Amino acid sequence: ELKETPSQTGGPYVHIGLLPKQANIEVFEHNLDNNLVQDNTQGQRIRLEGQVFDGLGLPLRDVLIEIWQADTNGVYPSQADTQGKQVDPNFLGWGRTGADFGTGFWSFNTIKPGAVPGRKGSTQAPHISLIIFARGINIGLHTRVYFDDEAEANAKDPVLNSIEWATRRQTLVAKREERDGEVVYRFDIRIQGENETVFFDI
Amino acid sequence: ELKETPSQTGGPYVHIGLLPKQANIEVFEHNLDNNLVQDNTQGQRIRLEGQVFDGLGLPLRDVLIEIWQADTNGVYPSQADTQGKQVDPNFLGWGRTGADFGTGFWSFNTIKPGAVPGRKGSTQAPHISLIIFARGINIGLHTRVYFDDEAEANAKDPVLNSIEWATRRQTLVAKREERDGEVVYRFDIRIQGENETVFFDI
Amino acid sequence: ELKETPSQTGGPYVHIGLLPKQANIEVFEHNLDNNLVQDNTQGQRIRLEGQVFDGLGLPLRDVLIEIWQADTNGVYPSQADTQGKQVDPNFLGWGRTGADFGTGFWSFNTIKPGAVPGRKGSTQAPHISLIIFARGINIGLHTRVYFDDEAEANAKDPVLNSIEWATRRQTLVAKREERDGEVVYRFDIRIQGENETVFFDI
Amino acid sequence: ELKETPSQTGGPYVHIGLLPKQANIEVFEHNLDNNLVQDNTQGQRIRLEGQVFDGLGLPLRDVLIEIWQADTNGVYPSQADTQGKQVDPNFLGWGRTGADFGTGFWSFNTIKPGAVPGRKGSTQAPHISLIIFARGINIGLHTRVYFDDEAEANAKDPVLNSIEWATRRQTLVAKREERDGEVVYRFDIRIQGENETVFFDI
Amino acid sequence: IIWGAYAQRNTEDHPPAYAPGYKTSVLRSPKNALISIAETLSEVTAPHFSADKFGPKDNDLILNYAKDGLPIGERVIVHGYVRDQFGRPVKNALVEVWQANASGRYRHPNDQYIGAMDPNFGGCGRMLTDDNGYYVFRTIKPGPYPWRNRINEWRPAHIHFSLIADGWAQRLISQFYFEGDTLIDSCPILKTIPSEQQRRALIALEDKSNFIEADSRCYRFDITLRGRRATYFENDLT
Amino acid sequence: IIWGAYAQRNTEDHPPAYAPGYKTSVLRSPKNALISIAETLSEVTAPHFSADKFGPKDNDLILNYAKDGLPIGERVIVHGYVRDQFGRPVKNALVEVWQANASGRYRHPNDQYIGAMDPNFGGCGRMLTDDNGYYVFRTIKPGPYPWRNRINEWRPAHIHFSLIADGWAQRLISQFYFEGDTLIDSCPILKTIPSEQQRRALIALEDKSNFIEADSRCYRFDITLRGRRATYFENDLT
Amino acid sequence: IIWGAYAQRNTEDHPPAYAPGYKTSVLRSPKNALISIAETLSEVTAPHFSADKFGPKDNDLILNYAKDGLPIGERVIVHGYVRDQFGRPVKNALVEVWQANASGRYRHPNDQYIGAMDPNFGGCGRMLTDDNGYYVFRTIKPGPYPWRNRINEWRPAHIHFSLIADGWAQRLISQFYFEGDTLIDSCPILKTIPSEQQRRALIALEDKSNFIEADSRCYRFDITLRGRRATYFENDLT
Amino acid sequence: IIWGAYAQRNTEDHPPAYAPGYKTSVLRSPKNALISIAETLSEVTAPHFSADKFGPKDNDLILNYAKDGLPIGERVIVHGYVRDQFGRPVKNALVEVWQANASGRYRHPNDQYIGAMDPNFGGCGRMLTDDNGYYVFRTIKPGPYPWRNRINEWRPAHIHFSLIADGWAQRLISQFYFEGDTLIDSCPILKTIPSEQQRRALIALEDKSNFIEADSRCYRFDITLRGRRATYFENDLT
Ligand SMILES: [Fe+3]
Ligand SMILES: [Fe+3]
Ligand SMILES: [Fe+3]
Ligand SMILES: [Fe+3]
């Protein structure tokens, strides 16, 4: 048996390789980005945005974020999804973005995901899987984003209920807002300190 | 090549050897102290004072402090100063003091230093280099003291601007006060915790 | 990665295994030989002949020679030929012979090859690849035979021009003769000494 | 005691570093060259020229040559000369040149040296010390150039007489010629083979 | 075959989050332990990237940004295999790489090192592994880079890489180094990895038989991702 | 897959041409160094031999020359695999072998050794490797042979072999020996090979589980040829 | 010669600030990493102390506080050289020392140990190194001292020392111990130093040829400070 | 002191002239042995070069050919000492160096390698050693270079150097390599040197304390020349 290749920080220039446009490098015709909504994509459009803070309360302006999620019916656009249901054909389920170098704000344009089956016949509340990479972070940090308007589903979610310190569950719930008809969920991530965001080993 | 001799704490009795008077030992005719102002020394006289706090917010009553600084024209009384300018002949540039065993207060009587050249043609804002030794401190901690009335010079200072967490820059600025015509700069040092003072590896 | 099996001399009896007829052993119904011309083979028939000399100027009477070459249009009868052209279907491209035990003369009946593409869009002059094995020779010696009536093509040949000692290029050119309407190219090989034949590491 | 740093070939581009002009690199204001005659230099002007041949009889077109010699009175322009005589003040005694890339010819403009003391009260015939470096030559080869018009002095020369194979002594004698009033000594060097030039370990 | 969960990540084979010798980790590491969860469909699935969107020079860092001429530096090919921990090839995984140029200079707004920029070098590439888990790209060997951790800190020459494969649980970003670089032994980033054998797993090896004469050297570097276990009894994934 | 050139032959893994301890090499070795060339289609191609022309006993040295009875000597099977240096099987390669009989006597006009000739033994065979690169032949173990290098020189028992495979650059002739023969350590021909590990690569190993009861012993011997590199960028072969 | 900056302090050669086995370091260590800076004139300069101000017995701890008689304890001379890391002598550096008496008792208000005070011993001295970087002082060997870290903690015999030299960056305070003291192996303060070789750099060695008959023993102890690099190209210090 | 002759060159510490693995030496090596002579004034003297003729950037390969910008590649300083075999410094010796650029490309008419040329790099420098035998120059680390010995031969990164010192007998040209380069072990030119210890004498060592932060690395490389013996009895030199 082999050992997993060890992780190393993405470093401060993670953009050169993963978001060349943000570093002003035009070498690719097709560029991966933070827009998961195609014209025919099904579902309600939402904007997910926030900042990532370090232990001093300062935003990380060099952080790279990716999200992975199911479509509107809770099916993953992946060959490993075993639900036997047809997934939305116009949905990648994944996106990548970088915090703005000046403000530290990051965002994605996506769709609110449907509920996905949990283990042993349970049902998971709607969520988006998120990972963070940056200078100073030796291994990508995994977390999840749940939605404050799904209180009933959140209360029965297996993963949230597996966090024994109940007070920390709230760090995983994004707050719904409405900027000009657009639905926006705000999710700030606190890497260290008070109200530290829960991170998972998945 | 040889390795530097490793540091060890000064320990609780650092006064016996470095400030015998504070320990009531009269063995030396000339005793090094915290008064850098001689009668003919040039410049404006100032008093620098403060306390050093541990991680519980309590003052260290066994701490030893030294300062090193330039004269009023920004020239160091050292053979290694390469400015080609004449230094004030009545100025050592260095002093040593201990916190009071009861209150924890420490002070120096010195002169406000002039601006010193920085690297690559830059100019440093006026500052005093300070080092702290005590029981519990394994290696002397280096910091600098800048002056709040030199806001314009501080804003352009190379070392202050090299601290990327801008919020921590303020821990290095002493506050000017005026007790009976005397100018006093108050500089408290917080070794650990909230508003922790910046320490440098020089 | 593995290392190539090391070479060893063919030894004095190399004929038992590679030309049993020359050693008077009839064990095979089909015997490999020095006649590359079949009745329907295309091209001009030529005879290639010569002797191989040792360092004393004496012929080797126990030497075994093989040649490998392209057909009349410069296509190799090999699956590794990538020209996309059809090769002559009645041509093996390879032959084997032994020097006569008494005189040391060797010969092949073949066809004059067409020019074959060289690297990077160049064109090679017509040539036959030749290898020599014998007692005393630890690794088969590779050389090439070019034709003196292809002076213009030879002058532009990449491999000949890669020999920096220009005077040695001539050892690789066979001389055209005409014995009773038959075209004969004479190519003597000098393994060692004056006018030593060029040998390649291919 | 330490061991001498081991020699390595100068390689094919020895000109970049030792004769940048021949490689078309103008980085130095003062360039070392093959002209040892300054306007006020004393002595008879001579031209020394020749070619260096490899074992096939072909000239080396990438060879670098230096010479070292005494002035017209046989004194070396070196602090290590112990004769107590004054040396010509307008004479370096050293020069460097490269063979022409096309013809292989090399030359120096210098002065015929005077006789220099040999060991134990002997007298050396007039000579120039010469060294050769090139791709393929692992250690610089040392030789000397004597003059055919100094037959009497050559016959008594200690170094020439130390060569026990008398027939090889002649390879060290250059031939005097006269091209338009100019005196020219021709000295060809044969690195290997017939009439191989004598090389010394000095 | 019915697939179950990915095997647990062995935390002792990776650096810890808090590693004081790498100074920026002090404020960017959680103080709470990670919460381990049992995997669901969310962790065992991942996106699919079609080869159709990749340009012909996406894996050729020597030519993909070349404008007026070739970039300056050492021509090298890097290749190898991506496998999971049980030795199975990882097919059609997205491999993205980025690095500095021959001077140790990154084409990034935040890099002010004096090492010279190369107008013909960009420094990023990508490729999909094939059915045998094989990948190959060509580039200029990067130069070591000074940075401020301690004042005179220098990263060994390295290429940053990222893999998105079959399951989100396999997501990994790391860096590989070059055989023999003396800076490898002093790097505080490489020293965040606890074991010497794991530090050696990030060193690409000189592959001499695969050098291309009068053209490019070659380094071999294999990558191992977490692997899925098969299920033969109860399947609790859903 | 687009194939490029064969990897360079590693000259340090082979004997040199001039090897004074093997006396006939003194006059049959070039004094000039070999000139290395970049490969073209001429070096990467080779002929194809059809199995149709091979007789049923071409790989059976015990019976292919038998007239009145069986040859005298030790019945042995030799088998193994031919691979290239990157481990790929070499398919349909022509393997030809020749050797002396049990007495150390060759059926050759120039052999006058007193060891007795065997009227039922010829000493040559051939075969094509299969798709796995496997070959197998049966023969009589040859006896060691005296020869005049120094006056009392003796070759260890050996079988001569030749391979014509996929590329002319792979062309190779060599000899293999038998595990345990004490003459192996004294042979000046085997000593022309510089390294001990390469000398050991020519020793066939006893393969006891493959002996055939009350019939024949068996030796295992694998052969490695030069291998081709694959090309992923410019293809300069033509 | 144009001097540039002092070489970077090698943090792995020194104790870390937070070292839980030395309990008072838990609240007196910064939680943030140190910020490294590029040196300026402020860091490369330092004060000068004139020999004129030093009394004749400042380096004689046996007599500088003696009133009615000699102090009780083991008479010892300690000497050695102060050099920078590139081996250059450190000239005219101020060396200050302090220690307990023969009982392990410090003449300090905060010391209440029952070990007896010695009315003829003070415990502090100072001296300037000479042009060869040499220093020499005489004292009474100090006794080991109990203290409250764990309840039964004992410091090995030690002398505290401080150096102010040519550059502020060289400023150093440490302690040296005596060859063979068994407490050296158990001291949590000495164990804050990560490497065994660095712990050994603080042990003064018995120097038997330099003992003074019927008078005093002698210990040799050298000290190494950070050294300045020379500049041959751009001088960015100012 | 009356100086006598230089000590005999130890031929076993140097490569032989004929070294078949380095192919061009086959035709460029004498077949006769060298004739050793007793030294005279001709061999113990050498020319003197005045510092006055050297330009200010002659030892700065980064800037001496820079036109529009800086050369691309790894900034490095190389320094060290030149001593004779008895350890005496070699003063005012002329040291000349030349090398390829970061791509392994030489600015020479005869170099056609595809590695890119750098318009701001020339590749040659020179300097005189000082009174302590010290030298220092700055350059771009050169890239390894393919060449035709065997077809896929590659020189490790190297800098060529030449010394003209006090006596003509000391005249030496050689090359130095960089610590850790894996090509060092395969180079047939380096392998012409018989002993492993002598091959190691050509490897420049990483000198980490002398790196210049955010600027350049540094390598240390010392050179040893033949030394003169002193005479105390008969002086037969003249
Ligand atoms: Fe990086
Ligand atoms: Fe103490
Ligand atoms: Fe045989
Ligand atoms: Fe070179």
# chains A, B, ... in the order shown; residues from 1 in each chain; ligands from 1
$ select_by_dssp --residues "stretch 14-137 of chain G" --states "helix (DSSP H, G or I)" --output "MDAnalysis selection string"
chainID G and resid 23:25 41:44 51:53
$ select_by_dssp --residues "stretch 9-224 of chain H" --states "strand (DSSP E or B)" --output "number ranges by chain"
H: 35-36, 60, 75-84, 89, 94-98, 124-128, 134-140, 145-147, 153-155, 158-164, 172-178, 203-206, 212, 216-220, 223-224
$ calpha_fit_and_write --fixed "chain B" --moving "chain C" --output "mmCIF file with C-alpha atoms, in the first residue's frame"
data_model
loop_
_atom_site.group_PDB
_atom_site.id
_atom_site.type_symbol
_atom_site.label_atom_id
_atom_site.label_comp_id
_atom_site.auth_asym_id
_atom_site.auth_seq_id
_atom_site.Cartn_x
_atom_site.Cartn_y
_atom_site.Cartn_z
ATOM 1 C CA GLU C 1 31.946 28.193 10.380
ATOM 2 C CA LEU C 2 30.816 28.261 13.996
ATOM 3 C CA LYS C 3 27.305 28.341 15.459
ATOM 4 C CA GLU C 4 26.190 31.251 17.651
ATOM 5 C CA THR C 5 26.350 30.464 21.393
ATOM 6 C CA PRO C 6 22.729 29.609 22.356
ATOM 7 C CA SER C 7 20.695 32.058 24.425
ATOM 8 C CA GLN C 8 19.379 31.226 27.923
ATOM 9 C CA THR C 9 17.055 33.242 30.135
ATOM 10 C CA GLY C 10 18.591 36.043 32.215
ATOM 11 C CA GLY C 11 16.717 34.528 35.187
ATOM 12 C CA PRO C 12 15.202 36.373 38.222
ATOM 13 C CA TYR C 13 18.466 37.800 39.537
ATOM 14 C CA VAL C 14 19.661 39.436 36.359
ATOM 15 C CA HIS C 15 20.141 42.588 38.553
ATOM 16 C CA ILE C 16 23.115 41.247 40.441
ATOM 17 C CA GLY C 17 25.163 41.347 37.373
ATOM 18 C CA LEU C 18 23.686 44.065 35.341
ATOM 19 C CA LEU C 19 22.367 46.614 37.922
ATOM 20 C CA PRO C 20 24.130 45.762 41.180
ATOM 21 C CA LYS C 21 22.799 48.960 42.833
ATOM 22 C CA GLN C 22 19.196 47.712 42.478
ATOM 23 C CA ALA C 23 20.262 44.614 44.369
ATOM 24 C CA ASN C 24 22.189 46.715 46.914
ATOM 25 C CA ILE C 25 25.683 45.625 45.929
ATOM 26 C CA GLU C 26 28.304 48.349 45.814
ATOM 27 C CA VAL C 27 31.260 46.741 44.086
ATOM 28 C CA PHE C 28 31.767 49.137 41.138
ATOM 29 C CA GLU C 29 32.854 52.757 41.260
ATOM 30 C CA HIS C 30 31.256 53.470 37.854
ATOM 31 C CA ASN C 31 27.739 51.985 37.466
ATOM 32 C CA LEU C 32 25.852 51.765 34.163
ATOM 33 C CA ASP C 33 22.384 53.253 34.391
ATOM 34 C CA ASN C 34 19.200 54.705 32.709
ATOM 35 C CA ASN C 35 20.402 58.280 32.316
ATOM 36 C CA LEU C 36 21.687 59.009 28.833
ATOM 37 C CA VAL C 37 21.635 62.810 29.242
ATOM 38 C CA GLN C 38 24.952 64.383 30.228
ATOM 39 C CA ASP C 39 25.113 68.140 30.984
ATOM 40 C CA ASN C 40 26.396 69.099 27.524
ATOM 41 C CA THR C 41 24.310 66.561 25.606
ATOM 42 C CA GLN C 42 22.475 68.124 22.688
ATOM 43 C CA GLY C 43 18.773 67.758 21.997
ATOM 44 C CA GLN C 44 15.412 67.788 23.573
ATOM 45 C CA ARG C 45 15.275 65.919 26.841
ATOM 46 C CA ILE C 46 12.500 63.360 27.139
ATOM 47 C CA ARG C 47 11.505 60.746 29.652
ATOM 48 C CA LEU C 48 10.516 57.278 28.293
ATOM 49 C CA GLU C 49 8.480 55.180 30.726
ATOM 50 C CA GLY C 50 6.091 52.252 30.921
ATOM 51 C CA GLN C 51 5.415 48.764 32.228
ATOM 52 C CA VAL C 52 5.885 45.274 30.693
ATOM 53 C CA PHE C 53 2.850 42.928 31.021
ATOM 54 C CA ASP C 54 2.653 39.135 30.914
ATOM 55 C CA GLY C 55 -0.130 37.063 29.388
ATOM 56 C CA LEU C 56 -2.421 37.560 32.387
ATOM 57 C CA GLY C 57 -2.149 41.356 32.166
ATOM 58 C CA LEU C 58 0.179 41.509 35.172
ATOM 59 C CA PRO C 59 3.362 43.600 35.198
ATOM 60 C CA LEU C 60 6.766 41.899 35.228
ATOM 61 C CA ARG C 61 8.542 43.120 38.309
ATOM 62 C CA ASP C 62 11.803 41.422 37.515
ATOM 63 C CA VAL C 63 12.354 42.621 33.916
ATOM 64 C CA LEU C 64 15.600 44.308 32.682
ATOM 65 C CA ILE C 65 15.425 46.747 29.721
ATOM 66 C CA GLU C 66 18.104 48.349 27.527
ATOM 67 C CA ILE C 67 17.744 50.930 24.782
ATOM 68 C CA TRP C 68 20.100 51.893 21.936
ATOM 69 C CA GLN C 69 19.526 55.026 19.868
ATOM 70 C CA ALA C 70 21.095 57.775 17.750
ATOM 71 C CA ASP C 71 21.900 61.310 18.873
ATOM 72 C CA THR C 72 19.851 64.386 18.078
ATOM 73 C CA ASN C 73 21.122 64.552 14.468
ATOM 74 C CA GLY C 74 20.524 60.871 13.845
ATOM 75 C CA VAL C 75 24.125 59.723 14.143
ATOM 76 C CA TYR C 76 25.067 56.664 16.238
ATOM 77 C CA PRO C 77 27.943 56.993 18.747
ATOM 78 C CA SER C 78 29.486 53.836 17.235
ATOM 79 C CA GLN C 79 32.493 53.156 15.038
ATOM 80 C CA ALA C 80 30.131 51.215 12.771
ATOM 81 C CA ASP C 81 28.148 54.334 11.870
ATOM 82 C CA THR C 82 29.144 55.107 8.272
ATOM 83 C CA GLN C 83 27.421 58.431 7.788
ATOM 84 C CA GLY C 84 30.641 60.455 7.847
ATOM 85 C CA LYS C 85 28.935 62.939 10.176
ATOM 86 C CA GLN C 86 30.260 63.946 13.589
ATOM 87 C CA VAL C 87 28.251 62.482 16.498
ATOM 88 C CA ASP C 88 27.424 64.409 19.718
ATOM 89 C CA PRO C 89 30.601 63.812 21.880
ATOM 90 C CA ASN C 90 28.647 63.785 25.111
ATOM 91 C CA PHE C 91 26.257 60.907 24.326
ATOM 92 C CA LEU C 92 26.632 57.153 24.928
ATOM 93 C CA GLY C 93 23.423 56.241 23.046
ATOM 94 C CA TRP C 94 22.769 53.330 25.393
ATOM 95 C CA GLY C 95 21.160 52.832 28.798
ATOM 96 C CA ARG C 96 19.877 50.057 31.088
ATOM 97 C CA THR C 97 17.143 49.909 33.686
ATOM 98 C CA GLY C 98 15.058 47.532 35.758
ATOM 99 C CA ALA C 99 11.358 47.644 36.538
ATOM 100 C CA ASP C 100 10.630 48.651 40.120
ATOM 101 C CA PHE C 101 10.136 45.530 42.274
ATOM 102 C CA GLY C 102 6.858 46.812 43.656
ATOM 103 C CA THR C 103 5.079 48.710 40.856
ATOM 104 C CA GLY C 104 6.716 47.295 37.763
ATOM 105 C CA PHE C 105 7.378 50.805 36.363
ATOM 106 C CA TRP C 106 10.585 51.397 34.354
ATOM 107 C CA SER C 107 12.016 54.642 32.844
ATOM 108 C CA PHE C 108 14.888 56.267 31.023
ATOM 109 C CA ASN C 109 16.021 59.908 30.812
ATOM 110 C CA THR C 110 17.245 60.450 27.276
ATOM 111 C CA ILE C 111 16.974 62.690 24.212
ATOM 112 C CA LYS C 112 14.524 62.418 21.282
ATOM 113 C CA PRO C 113 16.589 60.877 18.456
ATOM 114 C CA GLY C 114 16.968 62.371 15.004
ATOM 115 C CA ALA C 115 15.978 60.459 11.860
ATOM 116 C CA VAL C 116 18.514 57.832 10.685
ATOM 117 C CA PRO C 117 19.088 56.700 7.025
ATOM 118 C CA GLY C 118 17.242 53.495 6.093
ATOM 119 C CA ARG C 119 18.322 51.049 3.408
ATOM 120 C CA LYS C 120 18.552 52.039 -0.238
ATOM 121 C CA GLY C 121 18.353 55.777 0.256
ATOM 122 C CA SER C 122 15.261 55.730 2.479
ATOM 123 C CA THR C 123 14.826 57.596 5.745
ATOM 124 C CA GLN C 124 13.721 55.981 8.972
ATOM 125 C CA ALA C 125 11.339 57.749 11.321
ATOM 126 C CA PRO C 126 12.895 58.642 14.769
ATOM 127 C CA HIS C 127 13.024 55.479 16.948
ATOM 128 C CA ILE C 128 14.726 53.878 19.921
ATOM 129 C CA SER C 129 15.721 50.171 19.767
ATOM 130 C CA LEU C 130 14.722 48.335 22.905
ATOM 131 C CA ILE C 131 15.471 44.872 24.307
ATOM 132 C CA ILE C 132 13.835 43.034 27.205
ATOM 133 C CA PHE C 133 15.318 40.245 29.371
ATOM 134 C CA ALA C 134 13.688 38.420 32.290
ATOM 135 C CA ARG C 135 13.028 35.144 34.031
ATOM 136 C CA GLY C 136 10.778 33.204 31.621
ATOM 137 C CA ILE C 137 12.182 34.893 28.499
ATOM 138 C CA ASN C 138 14.568 32.538 26.760
ATOM 139 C CA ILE C 139 15.971 35.021 24.256
ATOM 140 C CA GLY C 140 16.004 38.828 24.648
ATOM 141 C CA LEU C 141 12.987 40.349 22.841
ATOM 142 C CA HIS C 142 13.713 43.175 20.437
ATOM 143 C CA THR C 143 11.194 45.918 19.623
ATOM 144 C CA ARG C 144 11.294 49.610 18.662
ATOM 145 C CA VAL C 145 9.665 52.705 20.112
ATOM 146 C CA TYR C 146 8.392 55.344 17.634
ATOM 147 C CA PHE C 147 6.734 58.650 18.655
ATOM 148 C CA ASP C 148 3.104 59.608 18.097
ATOM 149 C CA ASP C 149 4.045 63.220 17.258
ATOM 150 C CA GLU C 150 6.027 62.016 14.216
ATOM 151 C CA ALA C 151 2.978 60.784 12.343
ATOM 152 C CA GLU C 152 4.229 61.908 8.941
ATOM 153 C CA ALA C 153 7.655 60.278 9.367
ATOM 154 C CA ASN C 154 6.046 57.100 10.797
ATOM 155 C CA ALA C 155 3.791 56.750 7.827
ATOM 156 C CA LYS C 156 6.869 56.542 5.527
ATOM 157 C CA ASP C 157 9.022 54.383 7.814
ATOM 158 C CA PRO C 158 10.405 51.277 6.060
ATOM 159 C CA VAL C 159 10.323 48.938 9.083
ATOM 160 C CA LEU C 160 6.820 49.944 10.202
ATOM 161 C CA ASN C 161 5.598 49.494 6.669
ATOM 162 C CA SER C 162 7.189 46.063 6.510
ATOM 163 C CA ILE C 163 4.642 44.839 9.109
ATOM 164 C CA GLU C 164 1.857 43.507 6.884
ATOM 165 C CA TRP C 165 -0.817 43.410 9.634
ATOM 166 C CA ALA C 166 -1.379 47.172 9.754
ATOM 167 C CA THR C 167 -3.283 47.032 12.967
ATOM 168 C CA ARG C 168 -0.164 45.894 14.848
ATOM 169 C CA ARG C 169 1.909 48.907 13.800
ATOM 170 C CA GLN C 170 0.252 50.981 16.489
ATOM 171 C CA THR C 171 1.717 48.860 19.295
ATOM 172 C CA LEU C 172 5.110 50.411 18.469
ATOM 173 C CA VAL C 173 4.071 54.060 18.918
ATOM 174 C CA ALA C 174 4.634 55.733 22.281
ATOM 175 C CA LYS C 175 2.213 58.474 23.510
ATOM 176 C CA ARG C 176 3.530 61.943 24.215
ATOM 177 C CA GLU C 177 2.491 63.611 27.466
ATOM 178 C CA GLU C 178 3.705 66.633 29.417
ATOM 179 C CA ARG C 179 4.278 66.386 33.212
ATOM 180 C CA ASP C 180 5.448 69.794 34.515
ATOM 181 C CA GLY C 181 7.146 71.132 31.411
ATOM 182 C CA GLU C 182 8.872 67.736 30.963
ATOM 183 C CA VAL C 183 8.037 65.760 27.862
ATOM 184 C CA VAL C 184 7.176 62.124 28.666
ATOM 185 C CA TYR C 185 6.541 59.285 26.184
ATOM 186 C CA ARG C 186 4.576 56.333 27.634
ATOM 187 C CA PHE C 187 5.282 52.979 26.057
ATOM 188 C CA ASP C 188 3.739 49.869 27.572
ATOM 189 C CA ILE C 189 4.855 46.497 26.310
ATOM 190 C CA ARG C 190 2.455 43.531 26.183
ATOM 191 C CA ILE C 191 4.407 40.360 25.771
ATOM 192 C CA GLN C 192 1.494 38.131 25.035
ATOM 193 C CA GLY C 193 -2.179 38.331 24.192
ATOM 194 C CA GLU C 194 -4.443 41.119 23.138
ATOM 195 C CA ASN C 195 -2.633 44.103 21.622
ATOM 196 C CA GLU C 196 0.557 42.086 21.852
ATOM 197 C CA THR C 197 3.595 44.258 21.108
ATOM 198 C CA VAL C 198 5.420 43.503 17.777
ATOM 199 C CA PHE C 199 8.853 41.876 18.395
ATOM 200 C CA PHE C 200 11.509 41.663 15.745
ATOM 201 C CA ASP C 201 14.174 39.168 14.759
ATOM 202 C CA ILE C 202 16.950 41.648 13.825
#
$ residues_near_ligand --ligand "ligand 2" --cutoff "10 Å" --atoms "only C-alpha atoms and all ligand atoms" --output "ChimeraX atom specification"
/B:9-14,135 /G:98-100,104-106,142,144-147,155-160,175
$ residues_around --residues "residue F:131" --least-positions-apart "3" --cutoff "12 Å" --atoms "only C-alpha atoms" --output "ChimeraX atom specification"
/F:81-83,88-93,128,134-135
$ atom_distance --atom1 "atom CA of residue H:120" --atom2 "atom CA of residue H:63"
8.0 Å
$ closest_atom_pairs --of "chain E" --to "chain H" --cutoff "6 Å" --atoms "only C-alpha atoms" --output "tab-separated table"
residue	atom	partner	partner_atom	distance
E:72	CA	H:116	CA	5.2
E:73	CA	H:103	CA	3.8
E:74	CA	H:103	CA	4.8
E:102	CA	H:73	CA	4.9
E:103	CA	H:73	CA	3.8
E:116	CA	H:72	CA	5.2
E:143	CA	H:74	CA	5.8
E:146	CA	H:214	CA	5.1
E:152	CA	H:213	CA	4.5
E:180	CA	H:180	CA	4.5
E:181	CA	H:180	CA	5.9
E:213	CA	H:152	CA	4.5
E:214	CA	H:146	CA	5.1
$ atom_distance --atom1 "atom CA of residue H:77" --atom2 "atom CA of residue G:85"
19.7 Å
